[PDB]
Participant: 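Can you read through this structure? Questions will come right after.
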Amino acid sequence: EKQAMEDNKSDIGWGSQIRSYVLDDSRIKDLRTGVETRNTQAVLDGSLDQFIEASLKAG
Amino acid sequence: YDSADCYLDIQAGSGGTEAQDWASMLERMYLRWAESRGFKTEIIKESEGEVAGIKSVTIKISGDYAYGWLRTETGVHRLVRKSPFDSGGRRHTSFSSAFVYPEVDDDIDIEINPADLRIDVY
RNA sequence: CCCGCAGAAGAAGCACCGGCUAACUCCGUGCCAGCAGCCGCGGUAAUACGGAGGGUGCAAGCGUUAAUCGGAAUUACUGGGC
RNA sequence: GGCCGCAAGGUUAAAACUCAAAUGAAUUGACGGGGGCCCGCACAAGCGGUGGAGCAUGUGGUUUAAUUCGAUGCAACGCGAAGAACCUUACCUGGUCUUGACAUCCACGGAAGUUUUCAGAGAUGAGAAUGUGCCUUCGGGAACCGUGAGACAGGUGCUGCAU
RNA sequence: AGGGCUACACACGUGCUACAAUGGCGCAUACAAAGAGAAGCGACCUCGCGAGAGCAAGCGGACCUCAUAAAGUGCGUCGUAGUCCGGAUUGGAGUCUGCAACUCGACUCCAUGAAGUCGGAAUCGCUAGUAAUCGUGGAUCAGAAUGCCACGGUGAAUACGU
RNA sequence: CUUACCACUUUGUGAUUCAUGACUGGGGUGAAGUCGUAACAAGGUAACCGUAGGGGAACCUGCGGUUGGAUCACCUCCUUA
RNA sequence: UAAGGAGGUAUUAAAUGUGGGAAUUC
RNA sequence: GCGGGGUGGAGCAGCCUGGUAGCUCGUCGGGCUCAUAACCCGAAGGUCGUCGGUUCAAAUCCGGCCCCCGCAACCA
RNA sequence: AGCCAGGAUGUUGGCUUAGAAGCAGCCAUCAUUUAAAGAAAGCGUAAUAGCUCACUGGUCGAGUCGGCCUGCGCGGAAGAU
RNA sequence: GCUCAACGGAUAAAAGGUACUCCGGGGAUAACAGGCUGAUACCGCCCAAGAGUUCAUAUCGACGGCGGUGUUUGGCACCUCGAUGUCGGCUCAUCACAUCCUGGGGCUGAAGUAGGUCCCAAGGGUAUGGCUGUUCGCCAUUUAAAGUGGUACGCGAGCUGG
Ligand SMILES: [K+]
Ligand SMILES: [K+]
Ligand SMILES: [K+]
Ligand SMILES: [K+]
Ligand SMILES: [K+]
Ligand SMILES: [K+]
Ligand SMILES: [K+]
Ligand SMILES: [K+]
Ligand SMILES: [K+]
Ligand SMILES: [K+]
Ligand SMILES: [K+]
Ligand SMILES: [K+]
Ligand SMILES: [K+]
Ligand SMILES: [K+]
Ligand SMILES: [K+]
Ligand SMILES: [K+]
Ligand SMILES: [K+]
Ligand SMILES: [K+]
Ligand SMILES: [K+]
Ligand SMILES: [K+]
Ligand SMILES: [K+]
Ligand SMILES: [K+]
Ligand SMILES: [K+]
Ligand SMILES: [K+]
Ligand SMILES: [K+]
Ligand SMILES: [K+]
Ligand SMILES: [K+]
Ligand SMILES: [Mg+2]
Ligand SMILES: [Mg+2]
Ligand SMILES: [Mg+2]
Ligand SMILES: [Mg+2]
Ligand SMILES: [Mg+2]
Ligand SMILES: [Mg+2]
Ligand SMILES: [Mg+2]
Ligand SMILES: [Mg+2]
Ligand SMILES: [Mg+2]
Ligand SMILES: [Mg+2]
Ligand SMILES: [Mg+2]
Ligand SMILES: [Mg+2]
Ligand SMILES: [Mg+2]
Ligand SMILES: [Mg+2]
Ligand SMILES: [Mg+2]
Ligand SMILES: [Mg+2]
Ligand SMILES: [Mg+2]
Ligand SMILES: [Mg+2]
Ligand SMILES: [Mg+2]
Ligand SMILES: [Mg+2]
Ligand SMILES: [Mg+2]
Ligand SMILES: [Mg+2]
Ligand SMILES: [Mg+2]
Ligand SMILES: [Mg+2]
Ligand SMILES: [Mg+2]
Ligand SMILES: [Mg+2]
Ligand SMILES: [Mg+2]
Ligand SMILES: [Mg+2]
Ligand SMILES: [Mg+2]
Ligand SMILES: [Mg+2]
Ligand SMILES: [Mg+2]
Ligand SMILES: [Mg+2]
Ligand SMILES: [Mg+2]
Ligand SMILES: [Mg+2]
Ligand SMILES: [Mg+2]
Ligand SMILES: [Mg+2]
Ligand SMILES: [Mg+2]
Ligand SMILES: [Mg+2]
Ligand SMILES: [Mg+2]
Ligand SMILES: [Mg+2]
Ligand SMILES: [Mg+2]
Ligand SMILES: [Mg+2]
Ligand SMILES: [Mg+2]
Ligand SMILES: [Mg+2]
Ligand SMILES: [Mg+2]
Ligand SMILES: [Mg+2]
Ligand SMILES: [Mg+2]
Ligand SMILES: [Mg+2]
C-alpha cells in the first residue's frame, strides 16, 4: 500500500503543480480552485487560510 | 481521518539547489501557518541541502483536525523568480512537493487463534 | 443541337498570413491550453496558441496523409572527393 | 555469422533506436596553476586598529496586533534617514467619511470672518452670539464658506526584468 | 486617538569608551582655525552645588553672541590595585524643550559601581603635516549625535626592494 | 489381372526463418539525484595511439610510438672578435 | 657591443559551480 | 547448557582493581571563499539497557528482567 | 393448582435513536382510576400491534409452598481377541 | 617446604581416537517393544462475558473449572543385553467406535435444493496417480465415501531392503 502511494505521488516536475507562486509578477494562483492573490509576502509568511478554505469549500 | 494529527513531508524537486531553497521556504511557511492555527509542530527529520536549503523534511503536526486542515495542501508547488544562485540572475522555475498523511495508530497484536492452526507430528 | 418562357432569380468554399513564403492588428491565454515541414512559438504587453477584423493564395474545390522523381553535384557516366 | 589464432584477440562487418547537428580552418574576445614588461598601502618595511568587554548604531533572525518600506559579495549593513515621544508614518488596533483630505467644472445657497456652548479620545456632530464687507451697467459678479449630483479626484499599491 | 517603527534565547557589520602611571585626580596657566545666528545668537548681573532660572546689553554681524579650545606646561597627590583604573547598571531628587518625555528625550546632582588587566582563527587603514591623538563648529533640528560634514593643535615610524 | 511411372499421405534426421522465454550484456536518452573530476590552459602528472596488468567510476601504471603539447625568461662566471 | 659554453631559479596546495538570456536587423 | 556484550548522534575505550566517562567521526558558533566543500579557531552533547540489591559511595561489584551476539546441543 | 372474570390513566415517562410505544438501550420510574392493573417478569412486533403475565375480584373446598440437616439411589460414564 | 582444592592426599612425573576393533560382565544401566504414570497429547463436559441486527446456549464461545482415553511427546527404569531384528512398502489381515459413505432421528439463524449441529447405528463399503526411502504432506484427476484408531505404532522362521 505504501508503494502504491509512492507510485500515485505526482512527479515533482514541470507539469505537476497545485499552486504557482510567481514572485516577479507578484502573483500566487491555485490551479485547482483558481484563487489568486497578490500579497506574496503574506502568503509566504503563512496566510494559507484563503487557499485551504477555498479547497475545503470546493470539496 | 480528518480529525487525526498529521505528518507533512516536503521534498525538493527539479530546481536543484533552487528547489532545495524553495523547499526550505515552504517549510517555514507551513510552520508559520501551523503556529497561526495553534497546532503543535515537531520536526521528525530534516535532510539539508549541501549548498543551501533542505533536501527533505518530515514534520509532525498535532491539533484538532490537523489532517483535515492540511490534507488539501498535498501536491507540487511551483516557484518562479530570479534565481538567487544563477550567476546571470535568470528567471528560473523550481518545484517542491508537500505530502500530508494522517497519523496512524500501531496495529494491535493478535495472538494466533489455536483453532485456526492444524498441527501435524511425524 | 435549336427555338420560346420566367426572374438575378437556383448556385462559394478551403487553406494560409514569424522566417523560409504572398499576406497584420486587437482581445483571450499565461511553459497552461495548445502549435509545429525545419528553425522553433507559448513561462501576464504572443503578427507563431485560440477567437475576431483585415489580408494573401487557390477555387467547385481546398487542405492533410501516403508514394515516386526533382531540387540532391547528397553514389558525382554526364557530374564529387581522400 | 564466417575465416585466422594456443589465447589475447585479429579480420570481414550490420541493424534497430536517437539527434539536428557532429566537424575543419581561421577571426574577435575571454580565460590559463602559459611567457614577457610595467603599475597600485598589492606585497615588503613600519605605526595604529578590528575580532575579546561594556555601551551606541545598522542588519539578520526571532517575536509581535504592528514590529512600515527599500539597500542586502567587493560596490547592503552609523545605507535612503542632514536627526520615529505626537507629527513624522508609509505599519497595527479601534473609531469615522464616501465626488471625497487634495483639483477643475455645474447648480444651488450663503461676505469673508470672528466668538462661543455642548458631546466625544479625537475625527466629528449639535447649538448659540457676532460681522455681512470689496469690484460693483442696483445685471452685479468673484476672494471665501457650505449643500446636491457626475465626469472625476486619490493610492509611499505592482512591475527598476517595460521606462 | 492610542500603539508599533525602540521588541530580544541569539548571529554579523560600523562606531564610542576603556582596560591605566607616556596615566587618573586637584589647583594654576599658555597657543587656534573654521562656522552659525532674528519665532535667532544671547552678554551682563542675580539666584541655584548643578543642569538651569529671572532680569536684561549688543548683533542680520571683521563690531555683538555662541565661545575659557583641548592635548600642553608648572606644582601636588595617587604607587600598580580591578585601584583615586573603568563607568556600565540601578535607586532617589531635579532642569529644559515640547499640547504631551509611561511605552520611548537630552542633561544635572546624590547614591551605586558591571564587564574589562590589551583580546583565538582571522582581518583593516595609512607613505607626511600623513598615521596617531586633542579639542572646535555645522546641517538635520521644538527637544533629541559615539553618526555625517568641516576646522584647526600636537605630530611620528617605515619603504632595502619586487 | 500384373508390372513401370506417379499425386495424396507417412516416417526419420538436418537446415533456415519468424515469434517467444526466467535471467543476463551492453547501448541511446534525460530542464534535479549520488561519487569523484578524466579531457579542454603546461587543465594543474602534456595529450593521444597499440598492447598488458590493475582499479567504485571517470581512469592509473609499464613498454614502444605520434605531435594533433605549453614554456623556454632571468642572474653569475669563463673564452673569442 | 655581439656570439658560444656551464651553474641557479620554480609555488607543497588549489575539488566543485544544476535547471528559463541578446531588442539592438533596410 | 556455557560464554560474551548493551556508554554523547555512529563506531570504539573506561568494568577487571568502586570515587575519576576518554578517542575518532558527527553536531553547533566564528573564520577563509563570489559560494560550497576542504581547511582553521572555538563550543556543546551520554546521570552508562532496565530494574533492583551491596556499599559512605556503583558505568564498575551482585541478582533478576529485556535485547544482541557467539558456541553447545551428542550415542539415539 | 387449575377455573372464571378482570388485568385501567396521565402515558408511547422522556432521549438517542433509523425506529424505541413495559419489553435495543439510556433513562427516570411517579401520581391518578381503585378490587387490582408493572412507567412492567416473559413471549412477540421493523416499530406499533399482539400474546401473556405480576396484581385483583368471583365459583370449588383441604391443604399448599420452598428452603435446612440427613440415609440410600439416578445421569454425567466412549476402545480396541 | 604441598590450590597433594579430585582437599583421608595413587606417582617426583601423564592428553586423545577407534565405524578396524577386541575380551570379561550387566536388563544392577540407556536405544525398540511391553509395564506403571498421564505432565503433555487427543476427546468430552461445567459456568456463561460476549459474537450471532434483536437473542448467551441455531452455530460459536472469553476468564475460569471437572473428567475420559492411552493416543502423541515424555517421566520412571519393572521384563528382556547366555540377542524380544527396525522405518516405509508389499501380501494377508483382525478388532474398536471417538461413523467417512450408505440407514434412522432431534434442533436449526431448516422455504425447496443444499447444508450446520447433536443423538442412534459398526451390516457392508471406504481411490488411482505426480514428487520423495519416506510416514506425513502438497498437487492432478476421481468417488456415495476416499474414516479415526488398536493389534510388539499387527504382519522380515511371509517378501522386500529404498
Ligand atoms: K492579460
Ligand atoms: K566521376
Ligand atoms: K595462452
Ligand atoms: K593572455
Ligand atoms: K567593533
Ligand atoms: K518619550
Ligand atoms: K534605470
Ligand atoms: K558608535
Ligand atoms: K571602584
Ligand atoms: K538641535
Ligand atoms: K534484454
Ligand atoms: K591524465
Ligand atoms: K594537452
Ligand atoms: K569498492
Ligand atoms: K583423588
Ligand atoms: K583411549
Ligand atoms: K572412520
Ligand atoms: K517391536
Ligand atoms: K492409566
Ligand atoms: K488422567
Ligand atoms: K537385549
Ligand atoms: K448418517
Ligand atoms: K440432520
Ligand atoms: K460399520
Ligand atoms: K516430509
Ligand atoms: K487397521
Ligand atoms: K517370530
Ligand atoms: Mg511575407
Ligand atoms: Mg512578453
Ligand atoms: Mg497577448
Ligand atoms: Mg494563429
Ligand atoms: Mg511526401
Ligand atoms: Mg542525382
Ligand atoms: Mg563532396
Ligand atoms: Mg567476428
Ligand atoms: Mg604588511
Ligand atoms: Mg566587540
Ligand atoms: Mg527592514
Ligand atoms: Mg517597493
Ligand atoms: Mg507615531
Ligand atoms: Mg536596472
Ligand atoms: Mg528602525
Ligand atoms: Mg546649530
Ligand atoms: Mg574614575
Ligand atoms: Mg573580572
Ligand atoms: Mg594593572
Ligand atoms: Mg599614496
Ligand atoms: Mg574628533
Ligand atoms: Mg583534470
Ligand atoms: Mg592531465
Ligand atoms: Mg596501479
Ligand atoms: Mg557533486
Ligand atoms: Mg555551468
Ligand atoms: Mg561513578
Ligand atoms: Mg552418529
Ligand atoms: Mg453415579
Ligand atoms: Mg575424598
Ligand atoms: Mg569410513
Ligand atoms: Mg579405514
Ligand atoms: Mg563382548
Ligand atoms: Mg532394570
Ligand atoms: Mg520405553
Ligand atoms: Mg510410553
Ligand atoms: Mg529403584
Ligand atoms: Mg518385555
Ligand atoms: Mg535364551
Ligand atoms: Mg456412537
Ligand atoms: Mg455387531
Ligand atoms: Mg442382519
Ligand atoms: Mg521416485
Ligand atoms: Mg502405542
Ligand atoms: Mg500401522
Ligand atoms: Mg511394527
Ligand atoms: Mg514374524
Ligand atoms: Mg540401503
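Chain A is the first sequence line, chain B the second, and so forth, proteins listed ahead of strands; every chain is numbered from 1.
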Participant: Pick the P atom in J:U99 and in J:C60, then give their distance to the nearest Å.
Facilitator: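 So the two P atoms sit 16 Å from each other.
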Participant: Looking at C:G19, which nucleotide sits across from it as a Watson-Crick or G-U wobble partner, both distances under 3.5 angstrom, or is there none?
Facilitator: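 Base-paired to C:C38.
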Participant: With no hydrogens and no angle check, just 3.5 Å: does a side-chain donor-acceptor pair link A:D49 and B:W33?
Facilitator: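 Distance-only check passes for A:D49 and B:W33.
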Participant: Roughly how many Å is it from NZ in B:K45 to P in H:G9, rounded to a whole number?
Facilitator: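 In whole Å, H:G9 P and B:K45 NZ are 18 Å from each other.
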Participant: Between E:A106 and E:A144, how many Å separate the two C1' atoms, rounded to a whole number?
Facilitator: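 It comes out at 6 Å once rounded to the nearest Å.
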Participant: Would you say the base of G:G20 and the side-chain of B:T93 have a donor-acceptor pair closer than 3.5 Å?
Facilitator: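 Answer yes: a donor N or O sits under 3.5 Å from an acceptor.
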Participant: For B:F95 and A:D25, find the nucleotide of RNA chain C closest to each by heavy atoms; which residue's nucleotide sits nearer the 5' end?
Facilitator: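 The answer here is B:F95.
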Participant: Using a 4.0 Å heavy-atom cut-off, does B:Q20 contact any base of the nucleic acid, only the sugar-phosphate backbone, or nothing at all?
Facilitator: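 No contact.
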Participant: Is H:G31 syn or anti, taking syn as a glycosidic angle within 90° of 0?
Facilitator: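 This nucleotide is in anti.
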Participant: Tell me whether the bases of J:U73 and J:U72 count as stacked, where stacked means ring centres under 5.5 Å and an interplanar angle below 30 degrees.
Facilitator: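 Between J:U73 and J:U72 there is base stacking, as the criterion is defined here.
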Participant: If we ignore hydrogens and angles and just use 3.5 Å, is the side chain of B:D5 paired with the main-chain N or O of B:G63 as donor and acceptor?
Facilitator: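 Here the side-chain-to-backbone pair exists.
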Participant: Without decimals, in angstroms, what is the distance between B:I44 CD1 and H:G9 P?
Facilitator: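 Atom-to-atom, B:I44 to H:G9, this comes out as 17 Å.
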Participant: Should D:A112 and D:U59 count as paired, given that a pair must be Watson-Crick or G-U wobble and both distances must be under 3.5 Å?
Facilitator: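 D:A112 and D:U59 do not meet the Watson-Crick or G-U wobble geometry.
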Participant: Does J:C138 have OP1 or OP2 sitting under 4.0 Å from an N or O in the side chain of B:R118?
Facilitator: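 B:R118 to J:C138 OP1/OP2: side-chain N or O found under 4.0 Å.
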Participant: Could you please name the partner base of F:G64, counting Watson-Crick and G-U wobble pairs only when both distances are under 3.5 Å?
Facilitator: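 When the pairing criteria are applied, F:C49 turns out to be the nucleotide that pairs with F:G64.
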Participant: Base, sugar-phosphate alone, or nothing: which one does B:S94 contact when heavy atoms must sit under 4.0 Å apart?
Facilitator: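 Counting heavy atoms under 4.0 Å across all strands, the contact made by B:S94 includes a base.
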Participant: A:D45 has an atom CG; how far is it from atom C1' of D:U64, in whole Å?
Facilitator: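 Between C1' of D:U64 and CG of A:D45: 13 Å.
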Participant: Would you kindly give the CD1-to-P distance between B:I119 and J:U135, to the nearest whole Å?
Facilitator: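 So the two atoms are 22 Å apart, to the nearest Å.
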Participant: For B:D9, which of B:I44, B:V57, B:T58, B:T74 qualifies under side-chain contact (heavy atoms from CB on, under 4.5 Å)?
Facilitator: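 Testing each of B:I44, B:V57, B:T58, B:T74 against B:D9, the sole residue satisfying side-chain contact (heavy atoms from CB on, under 4.5 Å) is B:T58.
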Participant: Is a side-chain N or O of B:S94 found less than 3.5 angstrom from the main chain of B:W22, in a donor-acceptor match?
Facilitator: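 Between the backbone of B:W22 and the side chain of B:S94 there is no qualifying donor-acceptor contact (under 3.5 Å).
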Participant: Base rings of E:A21 and E:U22 under 5.5 Å apart and under 30° in plane angle?
Facilitator: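 The answer, once centre distance and plane angle are checked, is that they do not stack.
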Participant: With no hydrogens and no angle check, just 3.5 Å: does a side-chain donor-acceptor pair link A:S20 and B:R78?
Facilitator: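 Per modelled atom types, A:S20 and B:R78 side chains form a pair under 3.5 Å.
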Participant: Name the orientation of the base relative to the sugar in D:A82: syn if the glycosidic angle is within 90° of 0, else anti.
Facilitator: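 Nucleotide D:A82 adopts syn.
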Participant: With both distances kept under 3.5 Å, what pairs with C:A52, Watson-Crick or G-U wobble?
Facilitator: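 C:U25 - that is the nucleotide pairing with C:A52, both distances being under 3.5 Å.
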Participant: Syn or anti for C:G81, given that syn means the glycosidic angle lies within 90° of 0?
Facilitator: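 Here C:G81 takes the anti form, which means its glycosidic angle is more than 90° from 0.
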Participant: North or south: which describes the sugar of D:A101, going by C1'-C2'-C3'-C4'?
Facilitator: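 The sugar ring of D:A101 falls in the north range (positive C1'-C2'-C3'-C4' torsion).
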Participant: For D:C105 and D:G150, is it a pair or not, if I count Watson-Crick and G-U wobble only and require both distances under 3.5 Å?
Facilitator: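 A pair, by the stated definition.
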Participant: Using 30° and 60° as the class limits, which term best fits the ring planes of B:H77 and B:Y30: parallel, tilted or perpendicular?
Facilitator: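 B:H77 vs B:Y30 ring planes: perpendicular.
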Participant: Using a heavy-atom cut-off of 4.0 Å across all strands, would you classify A:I12 as base, sugar-phosphate, or nothing?
Facilitator: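 Contact class for A:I12: base.
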Participant: Measure from the side chain of B:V121, starting at C-beta and using heavy atoms only, and say which of J:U72, J:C136, G:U18 lies closest.
Facilitator: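 In terms of side-chain proximity for B:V121, the closest of J:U72, J:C136, G:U18 is J:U72.
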Participant: Rounded to the Å, how far apart are A:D30 CG and C:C32 P?
Facilitator: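 Interatomic distance, CG of A:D30 to P of C:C32: 15 Å.
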Participant: What is the sugar pucker of E:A128, north (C3'-endo side) or south (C2'-endo side), as given by the torsion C1'-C2'-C3'-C4'?
Facilitator: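 With a negative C1'-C2'-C3'-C4' torsion, E:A128 is south.
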Participant: Which listed nucleotide (F:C35, G:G19, H:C28) is nearest to the side chain of B:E50?
Facilitator: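 From the listed options, F:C35 comes nearest.
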Participant: Is the backbone N or O of B:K82 less than 3.5 Å from a side-chain atom of B:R91, with the two atoms forming a donor-acceptor pair by type?
Facilitator: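 Checking the backbone N and O of B:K82 against the side chain of B:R91, no donor-acceptor pair under 3.5 Å is found.
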Participant: Under a 3.5 Å cut-off for both distances, is J:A96 Watson-Crick or wobble paired, and to whom?
Facilitator: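 Checking every strand shown, J:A96 finds its partner in J:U148, with both distances under 3.5 Å.
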Participant: Classify the sugar of E:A93 as north or south, using the sign of the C1'-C2'-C3'-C4' torsion: positive means north, negative means south.
Facilitator: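 A north-puckered sugar, given its positive torsion.
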Participant: I'd like to know if E:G113 pairs with E:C12, where a pair means Watson-Crick or G-U wobble geometry with both distances below 3.5 Å.
Facilitator: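 Pair flag for E:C12 and E:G113 is false.
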Participant: Measure the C1'-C2'-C3'-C4' torsion in the sugar of H:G29, then label it north if positive and south if negative.
Facilitator: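 Positive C1'-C2'-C3'-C4' torsion, north pucker.
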Participant: Who does E:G94 pair with, Watson-Crick or G-U, both distances under 3.5 Å?
Facilitator: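 E:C107 is the nucleotide pairing with E:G94.
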Participant: Taking atom P in both J:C87 and J:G154, compute the distance separating them and give it to the nearest angstrom.
Facilitator: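 That atom pair is separated by 7 Å.
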Participant: Taking only N and O in the side chain of B:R90, is any of them less than 4.0 Å away from OP1 or OP2 of G:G21?
Facilitator: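 True: B:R90 side-chain N/O within range (under 4.0 Å) of G:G21 OP1/OP2.
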Participant: Looking across every strand, which nucleic acid part, if any, lies under 4.0 Å from A:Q17 by heavy atom: base, sugar-phosphate, or nothing?
Facilitator: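 Counting heavy atoms under 4.0 Å across all strands, the contact made by A:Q17 is with sugar-phosphate only.
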Participant: If you take the six-membered rings of D:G160 and D:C161, are their centres closer than 5.5 Å and their planes within less than 30° of each other?
Facilitator: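 Under the 5.5 Å and 30 degree rule, these bases do not stack.
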Participant: Just confirming the chi classification of C:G10, syn or anti, using 90° around 0 as the syn window.
Facilitator: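 You should classify C:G10 as anti.
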Participant: F:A31 base stacked by A:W14? Criteria: ring centres under 5.5 Å, plane angle under 30°.
Facilitator: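 Stack criterion met.
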Participant: Identify which nucleotide among D:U62, F:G33, C:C31 has an atom closest to any side-chain atom of B:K55, counting heavy atoms from C-beta outward.
Facilitator: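 Nearest nucleotide to the side chain: F:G33.
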Participant: What does C:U65 pair with, Watson-Crick or G-U, if both distances are under 3.5 Å?
Facilitator: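 WC or wobble partner does not exist here.
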Participant: Considering Watson-Crick and G-U wobble pairs with both distances under 3.5 Å, what does G:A10 pair with?
Facilitator: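 Here G:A10 is not engaged in any pair, so there is no nucleotide opposite it.
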Participant: Heavy-atom count around B:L117 CG within 6.0 Å, excluding the residue itself: above 12?
Facilitator: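 For B:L117, atom CG is crowded (more than 12 foreign heavy atoms under 6.0 Å).
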Participant: Among the candidates C:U44, H:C28, G:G19, find the nucleotide nearest to the side-chain atoms of B:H92.
Facilitator: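 The nucleotide sitting nearest to the side chain is G:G19.
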Participant: Would you call D:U67 syn or anti, using the 90° rule around 0?
Facilitator: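 Chi for D:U67 falls in the syn range.
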Participant: Sugar of C:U75: specify north or south by the sign of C1'-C2'-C3'-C4'.
Facilitator: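 Because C1'-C2'-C3'-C4' is negative here, the pucker of C:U75 counts as south.
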Participant: Under 4.0 Å between a side-chain N or O of B:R91 and OP1 or OP2 of C:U44?
Facilitator: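 Result: yes.
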Participant: Can you tell me the distance, in whole Å, between the CZ atom of A:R38 and the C1' atom of D:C158?
Facilitator: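 The answer, rounded to whole Å, is 7 Å.
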Participant: Can you tell me the base-pairing partner of E:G137? Count Watson-Crick or G-U wobble geometry only, both distances below 3.5 Å, and say none if there is no partner.
Facilitator: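 Paired with E:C149.
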Participant: If every non-hydrogen atom of B:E18 is compared with every non-hydrogen atom of B:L79, which pair is closest and at what distance?
Facilitator: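 Result for this residue pair: OE2-CD2, 3.8 Å.
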Participant: Would you say the bases of G:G19 and G:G20 stack, taking the criterion to be ring centres below 5.5 Å apart together with planes below 30 degrees?
Facilitator: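 In short, no, the neighbouring bases do not stack by the stated criterion.
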Participant: Describe the nucleic acid contact of B:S83 in one word from base, sugar-phosphate, nothing, applying a heavy-atom distance below 4.0 Å.
Facilitator: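 Base: the residue B:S83, judged by heavy atoms under 4.0 Å, touches a nucleobase.
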Participant: Do the side chain of A:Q17 and the main chain of A:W14 share a donor and acceptor less than 3.5 angstrom apart?
Facilitator: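 Yes, A:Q17 side chain to A:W14 backbone: donor-acceptor pair under 3.5 Å.
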Participant: Would you kindly give the CD-to-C1' distance between B:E46 and H:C28, to the nearest whole Å?
Facilitator: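 Answer to the nearest Å: 15 Å.
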Participant: Send over the distance from A:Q41 CD to D:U68 P, rounded to a whole Å.
Facilitator: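 In whole Å, D:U68 P lies 13 Å from A:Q41 CD.
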Participant: How is B:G89 classified with respect to the nucleic acid when contacts are heavy atoms under 4.0 Å: base, sugar-phosphate, or nothing?
Facilitator: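 Base, at least one base heavy atom under 4.0 Å.
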Participant: Verify side-chain hydrogen bond (donor to acceptor under 3.5 Å, both in side chains) between B:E103 and B:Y67, making sure each step is shown before the conclusion.
Facilitator: CA-CA 8 Å; B:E103 166 70 287; B:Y67 177 68; over 6 Å; no
Participant: Do J:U142 and J:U141, which sit next to each other in the strand, have six-membered ring centres within less than 5.5 angstrom and planes differing by under 30°?
Facilitator: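 Yes, six-membered rings of the two bases stack.
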Participant: Is D:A56 paired with E:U14, either Watson-Crick or G-U wobble, both distances below 3.5 Å?
Facilitator: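 The answer is yes: E:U14 partners D:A56.
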